[PDB]
Amino acid sequence: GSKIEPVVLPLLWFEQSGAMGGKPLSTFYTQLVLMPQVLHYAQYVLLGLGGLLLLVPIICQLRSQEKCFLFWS
């Protein structure tokens with residue numbers, strides 16, 4: 001109905017103060033790029049990159065499991 005329309009206004013306005021101690025995630029991404037808080041996420045990035053990095057040496061392990069000599073230089 002229309003009765004709750006002016007009611008959500010101050011409610012959002014409190015979110016703008018951070019009165020709920022949180023806002024939608026979309027808003028944070030733009031702060032993260034500049035603010036030290038990104039380092040905590042950088043840890044997560046490092047974990048992901050690290051786990052993905054594991055594939056890299058393994059590829060070479062496979063190149064060694066291929067066993068070649070003629071084209072092996």
# chains A, B, ... in the order shown; residues from 1 in each chain; ligands from 1

call {"tool": "select_by_dssp", "arguments": {"residues": "chain A", "states": "alpha helix (DSSP H)", "output": "JSON, numbers by chain"}}
result
{"A": [8, 9, 10, 11, 12, 13, 14, 15, 25, 26, 27, 28, 29, 30, 31, 32, 38, 39, 40, 41, 42, 43, 44, 45, 46, 47, 48, 49, 50, 51, 52, 53, 55, 56, 57, 58, 59, 60, 61, 62, 63, 64, 65]}
